[PDB]
Structures are given as structure tokens and as C-alpha cells.
Amino acid sequence: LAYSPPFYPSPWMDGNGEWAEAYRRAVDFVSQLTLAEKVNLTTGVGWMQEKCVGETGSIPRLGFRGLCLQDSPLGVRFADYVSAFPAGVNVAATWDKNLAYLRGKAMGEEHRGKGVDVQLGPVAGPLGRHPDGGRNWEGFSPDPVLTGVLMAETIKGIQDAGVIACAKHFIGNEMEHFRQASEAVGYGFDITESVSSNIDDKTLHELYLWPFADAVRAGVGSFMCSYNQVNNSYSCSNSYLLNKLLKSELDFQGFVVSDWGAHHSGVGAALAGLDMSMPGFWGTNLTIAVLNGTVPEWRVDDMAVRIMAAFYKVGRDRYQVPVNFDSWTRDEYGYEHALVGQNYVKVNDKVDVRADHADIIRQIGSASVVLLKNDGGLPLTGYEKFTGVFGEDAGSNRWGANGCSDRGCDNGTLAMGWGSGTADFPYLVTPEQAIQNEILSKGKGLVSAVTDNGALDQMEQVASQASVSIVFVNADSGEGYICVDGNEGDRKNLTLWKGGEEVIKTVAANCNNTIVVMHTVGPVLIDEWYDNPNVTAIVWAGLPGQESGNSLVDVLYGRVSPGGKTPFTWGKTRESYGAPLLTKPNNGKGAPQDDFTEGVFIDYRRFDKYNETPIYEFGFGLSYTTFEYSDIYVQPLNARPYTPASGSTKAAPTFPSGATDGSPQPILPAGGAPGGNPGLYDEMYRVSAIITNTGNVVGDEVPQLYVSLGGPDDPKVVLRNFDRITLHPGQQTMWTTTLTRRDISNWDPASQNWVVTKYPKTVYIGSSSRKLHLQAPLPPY
Amino acid sequence: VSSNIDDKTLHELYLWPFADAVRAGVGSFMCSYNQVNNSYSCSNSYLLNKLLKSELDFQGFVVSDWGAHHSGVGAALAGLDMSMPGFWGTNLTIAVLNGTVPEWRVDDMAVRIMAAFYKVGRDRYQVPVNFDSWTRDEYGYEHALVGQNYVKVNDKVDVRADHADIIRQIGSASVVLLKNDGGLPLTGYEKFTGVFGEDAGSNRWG
Amino acid sequence: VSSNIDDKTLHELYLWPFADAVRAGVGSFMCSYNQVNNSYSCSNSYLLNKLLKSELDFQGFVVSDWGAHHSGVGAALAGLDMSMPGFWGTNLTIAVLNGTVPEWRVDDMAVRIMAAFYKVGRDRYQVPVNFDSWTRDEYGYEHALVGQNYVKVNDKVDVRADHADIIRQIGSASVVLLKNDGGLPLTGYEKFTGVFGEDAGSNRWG
Ligand SMILES: OC[C@H]1NC[C@H](O)[C@@H](O)[C@@H]1O
Ligand SMILES: OC[C@H]1NC[C@H](O)[C@@H](O)[C@@H]1O
Ligand SMILES: OC[C@H]1NC[C@H](O)[C@@H](O)[C@@H]1O
Ligand SMILES: [Mg+2]
Ligand SMILES: [Mg+2]
Ligand SMILES: [Mg+2]
Ligand SMILES: [Mg+2]
Numbered sequence: 023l024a025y026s027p028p029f030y031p032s033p034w035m036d037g038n039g040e041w042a043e044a045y046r047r048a049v050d051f052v053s054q055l056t057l058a059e060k061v062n063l064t065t066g067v068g069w070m071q072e073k074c075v076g077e078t079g080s081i082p083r084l085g086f087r088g089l090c091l092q093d094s095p096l097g098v099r100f101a102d103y104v105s106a107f108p109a110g111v112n113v114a115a116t117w118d119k120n121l122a123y124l125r126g127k128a129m130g131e132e133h134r135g136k137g138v139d140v141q142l143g144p145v146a147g148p149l150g151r152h153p154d155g156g157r158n159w160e161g162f163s164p165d166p167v168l169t170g171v172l173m174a175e176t177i178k179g180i181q182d183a184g185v186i187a188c189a190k191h192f193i194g195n196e197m198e199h200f201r202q203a204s205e206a207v208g209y210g211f212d213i214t215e216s217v218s219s220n221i222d223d224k225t226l227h228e229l230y231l232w233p234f235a236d237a238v239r240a241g242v243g244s245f246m247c248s249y250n251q252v253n254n255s256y257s258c259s260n261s262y263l264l265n266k267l268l269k270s271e272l273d274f275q276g277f278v279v280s281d282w283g284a285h286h287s288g289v290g291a292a293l294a295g296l297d298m299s300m301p302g312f313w314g315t316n317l318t319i320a321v322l323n324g325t326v327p328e329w330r331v332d333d334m335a336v337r338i339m340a341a342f343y344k345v346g347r348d349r350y351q352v353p354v355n356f357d358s359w360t361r362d363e364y365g366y367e368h369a370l371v372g373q374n375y376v377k378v379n380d381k382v383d384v385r386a387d388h389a390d391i392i393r394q395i396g397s398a399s400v401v402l403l404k405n406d407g408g409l410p411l412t413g414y415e416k417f418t419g420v421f422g423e424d425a426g427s428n429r430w431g432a433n434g435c436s437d438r439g440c441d442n443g444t445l446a447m448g449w450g451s452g453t454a455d456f457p458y459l460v461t462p463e464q465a466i467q468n469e470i471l472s473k474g475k476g477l478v479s480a481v482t483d484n485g486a487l488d489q490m491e492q493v494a495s496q497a498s499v500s501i502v503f504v505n506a507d508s509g510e511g512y513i514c515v516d517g518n519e520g521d522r523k524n525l526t527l528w529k530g531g532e533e534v535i536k537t538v539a540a541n542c543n544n545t546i547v548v549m550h551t552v553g554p555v556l557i558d559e560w561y562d563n564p565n566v567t568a569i570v571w572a573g574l575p576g577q578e579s580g581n582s583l584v585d586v587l588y589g590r591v592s593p594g595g596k597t598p599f600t601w602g603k604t605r606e607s608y609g610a611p612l613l614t615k616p617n618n619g620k621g622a623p624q625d626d627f628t629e630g631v632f633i634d635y636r637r638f639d640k641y642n643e644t645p646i647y648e649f650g651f652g653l654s655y656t657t658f659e660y661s662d663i664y665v666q667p668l669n670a671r672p673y674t675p676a677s678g679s680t681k682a683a684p685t686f736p737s738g739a740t741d742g743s744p745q746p747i748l749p750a751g752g753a754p755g756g757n758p759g760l761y762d763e764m765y766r767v768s769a770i771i772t773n774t775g776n777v778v779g780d781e782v783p784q785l786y787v788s789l790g791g792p793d794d795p796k797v798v799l800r801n802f803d804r805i806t807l808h809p810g811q812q813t814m815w816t817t818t819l820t821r822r823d824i825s826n827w828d829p830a831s832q833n834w835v836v837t838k839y840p841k842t843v844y845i846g847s848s849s850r851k852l853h854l855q856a857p858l859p860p861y
Numbered sequence: 217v218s219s220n221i222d223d224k225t226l227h228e229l230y231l232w233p234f235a236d237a238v239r240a241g242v243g244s245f246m247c248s249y250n251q252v253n254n255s256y257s258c259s260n261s262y263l264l265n266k267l268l269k270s271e272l273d274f275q276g277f278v279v280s281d282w283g284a285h286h287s288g289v290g291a292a293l294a295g296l297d298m299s300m301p302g312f313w314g315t316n317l318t319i320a321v322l323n324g325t326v327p328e329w330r331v332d333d334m335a336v337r338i339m340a341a342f343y344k345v346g347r348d349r350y351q352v353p354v355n356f357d358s359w360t361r362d363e364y365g366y367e368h369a370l371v372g373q374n375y376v377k378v379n380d381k382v383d384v385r386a387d388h389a390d391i392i393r394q395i396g397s398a399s400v401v402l403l404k405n406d407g408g409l410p411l412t413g414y415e416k417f418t419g420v421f422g423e424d425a426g427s428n429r430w431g
Numbered sequence: 217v218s219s220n221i222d223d224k225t226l227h228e229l230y231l232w233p234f235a236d237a238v239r240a241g242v243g244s245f246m247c248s249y250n251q252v253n254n255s256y257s258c259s260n261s262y263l264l265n266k267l268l269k270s271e272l273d274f275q276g277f278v279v280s281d282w283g284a285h286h287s288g289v290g291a292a293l294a295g296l297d298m299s300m301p302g312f313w314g315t316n317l318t319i320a321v322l323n324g325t326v327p328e329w330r331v332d333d334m335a336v337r338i339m340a341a342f343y344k345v346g347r348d349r350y351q352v353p354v355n356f357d358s359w360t361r362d363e364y365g366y367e368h369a370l371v372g373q374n375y376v377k378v379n380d381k382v383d384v385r386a387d388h389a390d391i392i393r394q395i396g397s398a399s400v401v402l403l404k405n406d407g408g409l410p411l412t413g414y415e416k417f418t419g420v421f422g423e424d425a426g427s428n429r430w431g
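Residue numbers (UniProt numbering), protein chains in the order written: chain A, 23 to 302, 312 to 686, 736 to 861; chain B, 217 to 302, 312 to 431; chain C, 217 to 302, 312 to 431.
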């Protein structure tokens, strides 16, 4: 069995740099607390025992209420009068830092307005190892850079709005199967322990840990340790994971909270780096363990100060208002137990926090549409004589937009996946609705919507008369506690749901101007229809939230040129992706073993390595205009040589070998600041190229910079930077970025540091991972 | 919920069959999930200590319904003998050590359980448990001091014997004829018999 | 549709089992809905006059499939003897009187029908039609020359005799064993028999 070595003591905060003010105030607060009060900050109150998805204990003596921790990564869960934003995978498809930031801000606003202290998101774990992983859509992209950049922007948005963000799930939670034994037992599996994600040190550093480093460096206030084990130690009591990787190497200054009921070694978890136990025994035992010296006072002091530093860092002292909604009822009033008898109290204020957030949701919707094919199908005008709309995915959830709890169904248009990663829709504009409005406000031609996937006779009938047929298909997935159609969180296949492929084929056989819109959580196998000559256009539109239909028509009818690029690969087969899902336990009754044997070769890296050609490669998308790439130029910057970090920490302040050691500790060679040794972010090269709009309409291009690191075990290419750029017809721009030292380095397990190998490196600039228009060597120095 | 039942109603209605059960020599009682007069059955001293164990002089053991709420160690004082399904074991041990629960009580709990055991002759009739509630698999894994043991979990012991006979007979004996204006009995020589209703047919899922 | 079949194929394949039918003494033929070489079977003189009634020398009567299209009176000349289900009556009468259908043709049509009748002994075995195709009701109305009569329309005559035996036997003999790798036969002493598939179960509508 793969093994996780111990690493103690649990590092205490430095409170240097951007964390100094927050640390100073956290220290002044914690100094005033009893042991009991400090412990309260670390202890969840109990599942459904208060208002939020999780709450800490309070400190009434100082008029300090317990923190409110609330889902989700795309909105405020279990709340009324809130917005439903596009999923993270949609954000990834925008390739747009600014939009990710603004989505974060708006979500932050909504959480703040409700009294939430901690938004439980965004997500960089799962990263996206498996194309059929159930919760990938909550995150961004299998690519660590795309994910890391947009993760960071999202965090800055949330925290700038005055709410603590929570990077989750740390780490290796790449599938839902066997994530939690009780859950697996519910599915008829006999195991007593969560699966172990077995990840080698190199793979961790270069893939899964990378976006979490970005999260740390972006100033995220909290992390959530995952349900699964990593090398046969539960994330939430994995000393190597938390004490070494997170709190030493990445020098995380904030607090680590457990996933809800994520198994840990109680008091041992605290020594291994856990700061907060959710949802709530730990309170009492922590108090006792401090009193008898099993847990040193500086540990509990550090737990409390991390929590309070996060609080002050985002300005919770300024922005906090009373929690004005209840997670567990929509009723205005409810009975509560009193010291004597009961009271009848206000539990929901129905505070409307939506503001103008429908605009940014429509915009991100449009920006996340990816044009995969267009042989003269798009844009439409709205003056078409006869428009046919086809597929259940065009239509309404007949149970109401919030008719499936936690969105645990696939009724009507798919705008959101299922599980904790959800929010209630204030409304839902369907494609059927938006398309009919478009026509009836313009040319007022014929339009008919056949939204029963079994009604094939009607689809032929209508398609054969149509000037254009717009076909809607979907594929759904979500968190493991919900099973839909035999998908136990994870997808059981990469097929279109509800006979979608049949809908496409039926319509395309009858209409030679067929448009296909895919609302999918991830890739599906399209080999059998994408190349159908009668299919004149194909878009992926993902999970667009409340404005789905409107955001779509803005693109389809040409008000917005599509500018998204696919943030994952569309392969010919499931086998193309490699990394099959473990769906049968392989360690008897013990922890199943998901070995990450493919290393860094997931998604496009795998395709490139094995020379499999994608149908649509990572980073690919079309426009209503054309772009041209020219004149790459590489400038060496002659950065200072890399210095491994060195020296000591301070002694642990007060306000398993080494676990009670509060003496000064040696700094790790790759640590020394939040996000890693600062020398890693030194700029080594400046790289430029010219992008020109050679077409006839204004449009966005997403230029992409890839690096070949040049070793035999390196990917042929890895994404390193990108931007989204609006260009008028004929307009040119010089796209200039820099490559950091980290950008051109490899992880060396022996030296425990990032190294620039002697293999020659090549830089590429292009429009996708396969359309590498420009290249130049990176000259060593 | 609290079932609020006066003393007379209890004695003349709900308790009566339970008295019959005691007197028939029943080895165990299971205390219910609900409360009676705002005390949970499994920690209701009036119910268990007074009515069951004094007035009805029950000699066997009281087990809780599965997760039937009680005041932990105080349940034992109130007449509970066995906690199902389970985290009170170490708490009962402690309560005995610190004197909150007398020795004679834990002793009486143990001896009630064993008394029931010997009363029906478990000592003569016990055989290993040869089936598993949670799987039909023949084998399965169990954790060990080190690694795992692969063990037999179902022996598929056929215990049905001839009990289909009594099940058929009781089926027939439990038919109640509520109306008959020349409808029954039938002969089997009817020219055309219609059978109507899903309640006549098979469970299509097995 | 026109089934286009060459002379050799007809003779060596499709016609062959019909020759056997003729030779078995079959009393009637039914001409088909389709065309053969672009002439409707029921008005196809090559098919009825030549192949069936000359070469195969069929002595019985040809009846049309129900509403099988034909050239009216012209069909009679092409070898049709009976038009089902039924304008042809009076047109045929007319055609005889005005000379378009020879007296000998109609005479032959009638004698073919009556020949079939006597060949199987309908004169001996005919009984009243004692059921109705269109209702299961015992009685019904029929129009009289004045008013209506209420008449028996179904007698529910049970003709099944012992025919369940032959049906069971032919059932068994028509079973084809395509594969057997130690699977069959069974004994009825299997510990656990699973039956699977809707094709095992009842038509829930009766
Ligand atoms: O609902 C709270 C918590 N439950 C479990 C999920 O894994 C996590 O993402 C979520 O934040
Ligand atoms: O299944 C165990 C237990 N569950 C609860 C029921 O109330 C009880 O009758 C049953 O014996
Ligand atoms: O039911 C009358 C008649 N209808 C048409 C069929 O083809 C034929 O076989 C049948 O005898
Ligand atoms: Mg409540
Ligand atoms: Mg540090
Ligand atoms: Mg007594
Ligand atoms: Mg002749």
C-alpha cells in the first residue's frame, strides 16, 4: 500500500506580507479568549442545528456570533431571492480572467447580503482526471493553469466583496465513487474506508497541487480538505498533505476546514493540520487534549488565529450582517426552543440580493458558448421562414425550475448539475422561450418546439419543413449522494442523455440546416454525428444558469460572436481519455486504491502523448470572424539565479514525533512565502506575437501560449498563459506575456524543489493546443 | 410524539396483551420509539420499572427499539437492560465505577438477558449464525488484527421444511366471508372465469 | 407494389408449394393484394388462367383477398370466381346478358364454388352459423321487411373438444434446441430458479 510519511509540527502562521494586518488583529482578538472560546471557533455546531450549512461555535461574551459557512461555488445554496450563476466549467470556457473575477464579486455580494462569512468554493479539486467524474463541472478545467488562473480570479472577486472563499476539495477527490464509506454502503458496496488517491510527488506538484498554489497566492482565506485519502491517509488528517505541502511549501496562512463528516483522527487531525471540524465531541476532546498536553496550547492558538485572520483579511468585521435566511426551511417564522418553553421567531427575511446580477450571468452565458462547427449555419437572423426547435433540453422542467431537490434530475433544459454545488433559480429562461421571443420580435416566421425526445414522428414532420432546425441535447452529473438514471454521481457513460443522439440523427435526416446545442457537464462521444453534412453548426453551451436561453440567442442570432474555447478534449472514444473510473472495490473491505498511474497525462496531455487525434482539441473554438497570428518574439530577461529558501520560522507563540514541537523550524527549499518560494514567480522570458482580425465582424480571440519542456516524460505541450481579446475588423494587437521560472520548471522529488531542466524548451503561440501557429526556442541563460 | 394515556386506559386496553405476553413466559420486551406521558418508553421508569417489572413482575430483559432515544446511563436506572443497535458500553462501565449506576443493576441487566437465554434453552439449541443480513454473497472480507480475512458469510441453510403447509392453512383460515348472496363456493366447472385487478397478478420486479 | 418474378423462379420456388396445395385437393385459392409483373393477382390472367388453372389444373374456385383490386367484370374473364368482401353482382349479371361475359364463364364460376362445397361434404356437415364475428352479445337486432326482429346471434358453442392436447404436443415438437452446453434438461429440483423477461409473464390486458 502506497504511503504518506509524517510531517510535524503543524506550521503556525507567519502573518507576513498581505496577511500582516489580518494576523495582527487576529492576535489581538485571540489574546482575549478563554480556551473554551478558542475551541468554539474550531467546532461545528451540528448538522442542521442552526441556519447555515455549517456554523462554528459563538463567543457571546464578546458579542461574536459563530461563522456562517454556506454552499455553493456558483451561488448561495438553500436561499431564496438569489441568482443562479453559470457553472465553473462555463467560466473555464470563457478563458476570461475579468469575467471570472466579476462572477466572484457578484457571488460574494449575494453571500454578503445574506450574512454568509464563508462561501464554500471555488473548486480546483476535482481538477478533471476522469471525463466522467461527477463533479468536474463545479471546477474549471483538467488543465492546471487554466483552472489555477480562473480559480485565483474567482477568489479575488469573492474576497474583494467581503466574504471568505474556501478552496476545495484538497486534494485528489477526482471521482465520487467510494469517496465516503457510508455513501458507498448506501450503494451496496462493502467497504469501511474511503478510496485512496495514490499520487506520486511529481504528479502532485505539476498537476493537482498547482491550482491550489494559485489559490493560496491569491489570498484565499480557507481550504477544505477532501473526503478521500491520499496515499492511504485521509486528507483531513494527512500531515504530509496539510502540514508539509499546504502549510510549509505553499505557506498557507489561512484555515483548513473539513469536508462535512470527512473522517479524521479527532485530536490527531488537529496536530496534522486541520483547524476546523465540520459539521460537528471534537470540542470536548480538544479542550481535554490541551489541558493534558496532548495538544500544545500553541496549536489551538494557531487554529483560532488562522480562522480570525481569514475573517479580518476579507473585512468580515465591516461587512458582517445577521444571517437573514434559513437553509432548512423557506418559512418566514418557526418555533425555537427557549430556556423556558419555546419562542416563535423570524427565520427568513427574504432579503433580495440579486441586484443586477442577471446581466453578468447572461454575459458569462454568451461568453462561454463554444462554436465547434459552422459550415454556414450561424449566425441566424431571426427572419428565417420556419424555425424548428427540438429536444427536451430546449424545454421547461415541468416540476418548476427548482422542482428537483439539489437539481437531482435532468428535466427540461440543463443549466446546472446536481449536489451541493447548486443554488435555486429565481427564474429560468429556456431556449424554447428565448428562441420564440427572438422570432416573434423580428421576422415573425413559423416556429415550433418539439420537446419530447420520444416524439420522433413529430420531429421529422417539423424538421422537413424548417429553414433551420435547432436541436438541444444534454448530459448531466453531480455529487455522489444523488443517483440519477443509474449515474451514481459519476457518469456511467459519455452518452447524450434521453436518446439525444437519436434526436440529432432524426432531425438531420430531415433537415439539411441542422444546428446542435449541447448543454453538457463535460465531453460526450459525438463521433457518429458531428461529421454529418446536414449538421451545419455545433455549439457547446454547458450549464449557463438562470439566463440560459437569452445568453444563447445572443450568440446564435449574432449580437455576440462566439469566443469561448473548449476547456477539455472531445475524444473519439472513452478509451481515448485513458484513466478509467474505478467502480468496483479492489482492496477487499478496505480503502479502494485509485492509482494515478498516468501521471500528468490527463485530457489533452494524454491525447498528445499517445498521438490520438481529438474531434475537438483542448483550447479549440471558432468565431464569426477569422484571426491571423504573426511575428513571435522571445526576449530573455536574465532573471536572478534561483535561490532555495532557507532559514528558520519563529518559535510557536501563545496568545507522533515532532507533533508537540513548538521550537523554530527549518524552511523548506521550495517554500518561504504563500504560493511557494518567491523566486518561482520571477519572469524569465517575455513572449510576444501579433493577432489580427482578418474577417468582417468584431470578435474575440483567445490566443494561447504553450511550452514544450523537452524531456522524454514531459507533455509535448502544456498551457502556460492565455488571454481573451476583442478585435474590430482589420484591427491588430500585440499580445505580450511572461513565463515565470515555475512555468518552465519540473518538480524534482530528490531535492524537493522546482528545477529548470537542461532539455531545450520551445514556446508556442496559437489558437488551440493543436493549432500552434507560432513557435520559437527559449534560449538558456 | 408523546402518547398521553391515562392509567385506567393503559391497564384496560394497551397493557393487557403485554401482561398476557409476560405471563406466557416471553423472554424479552422491546421499548418503543414514542414517549408515554412525555417520557420516552426506554427511559420511562413508570412504564418499565413500575408497570412492566413490578406490577407485571416481568423477569426477562428490556431491549430498546433501534436508536430509541434515552437519557444514556439514566435509561438503565429507569429499567432498560439492553441498548440497540449502538457508544454506551464505556459509559455504563464508568457509571458503575463512579457509583452512579449500582453494581446490582448492571448485574440484574446481565442476569435478565442470560435468564431469557436459558429459559428457551439457547444453550442446547444455539448454532453459529449461518446467514448475513447485509449481503447474499457466500463469502466476504473481514478486517483482522493485521490485513484481512476472507470468510464464509452465507451457508444458504434451508430452514423452510414443510412450513408451506401451515402457511397455506393459515391463509385459508384467515379468509373472512363478509357477503355471500349465492356467489360462493365456485366449482371450477364455470364456463368463463374473469380475473380482474393488479392485486391478482405478479410483482413484475420479482 | 408489383412483385416482379421470372418464370423459372416462380416455378421452382413460389409456385411449388401451391402445386402441392392443388394436388392435396384444396377447394379454394385466394389471390393476393399485390401485383405480379404489373398485373394485380386477382385480374392476372397469366397467373390464374395459365399457371393455376391450366398448368396446375386447379378445379376449385378462386376468391379475392378482401378488397383486392381487380378489373371488375374483366377479372372474371381472367379467372377470378368470387369477389370478397363485396357493385360486382349486377355488373356481372349485365355483362352476361349483353354478352361481355359468356354464359359458360359464370356457369364455371358457380360450379367451381359448388364443386368445392361437395368435395369436402358441406352438404353433410353444414350446420347454422352459430357465432357472430362482430359482437360477443347473445342477442341483437336485425332489420325485418317491416320493423326489426330481435334474434339470437351467438350460441357460444364450445368446439374446443380435446384440442388442448394436440396444441401442447405441437408446442413441444416445435421447440428447437439450438445450443446445449450442460444446461438442459432441468429436473425441477434446482435450489433456485430465476425466470427473467416480460416474455415469461402475463398480458396485463388479458
Ligand atoms: O454541503 C457542504 C459540503 N458537503 C459535501 C461536499 O463535498 C462539499 O463540497 C460541500 O461544501
Ligand atoms: O429492524 C429493527 C427494528 N427497527 C425499528 C422497528 O420499530 C422495530 O420493529 C424493528 O425490530
Ligand atoms: O380477414 C380477411 C382477409 N383480410 C386480408 C388478409 O390478407 C387475408 O389473409 C384475410 O383472410
Ligand atoms: Mg432551525
Ligand atoms: Mg510559514
Ligand atoms: Mg418481582
Ligand atoms: Mg383442365
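We put the CB at the ideal spot given by N, CA and C, even for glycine.
Using a CB distance below 8 Å, the part of the region 613-628 of chain A facing chain B consists of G619, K620 and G621, ordered along the chain. Cβ neighbours of B/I338 within its own chain (closer than 6 Å, five residues either side excluded): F277.
About 18 Å separates the beta carbon of A/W571 from that of A/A539, a gap too long to meet the 8 Å contact definition.
Taking CB atoms only, B/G426 has a neighbour in chain C less than 8 Å away. The beta carbons of A/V400 and A/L583 sit closer together than 8 Å. At least one beta carbon of chain A lies nearer than 8 Å to the beta carbon of B/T360. Bridge pairing for A/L653: A/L402 [DSSP]. Counting only Cβ-Cβ distances below 9 Å, C/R393 has no contacts in chain B at all, with the closest Cβ about 20 Å away. Shown here, A/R99 sits in coil according to DSSP, grouped into three states, outside any helix or strand. Residues of the region 343-367 of chain B with a Cβ closer than 8 Å to any Cβ of chain A, in chain order: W359, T360, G365, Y366 and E367.
Contact note: B/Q373 reaches chain A through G619, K620 and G621, using a C-beta cutoff of 8 Å and chain order. Taking the CA atoms as reference points, A/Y249 sits about 12 Å from A/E510.
By the Cβ test, the region 426-436 of chain A is not in contact with the region 147-157 of chain A, since fewer than three Cβ pairs between them sit closer than 8 Å.
The DSSP-derived three-state label of A/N195 is coil. If you check the C-beta of A/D102 against ligand 4, you find no heavy atom less than 7 Å away. Burial state of A/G68 is exposed, judged by a 10 Å Cβ sphere holding fewer than 16 other Cβ atoms. A/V252 has its alpha-carbon roughly 14 Å from the corresponding atom of A/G621. For A/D212, the chain B residues whose C-beta falls within less than 9 Å of its own C-beta are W359, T360, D362, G365 and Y366, listed in chain order. Pairing A/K596 with A/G126, the inter-Cα distance amounts to about 21 Å.
Counting along the chain, A/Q181 sits inside the alpha helix (DSSP H) bounded by residues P166 to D182. Under the three-state reduction of DSSP, A/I805 is assigned to strand.
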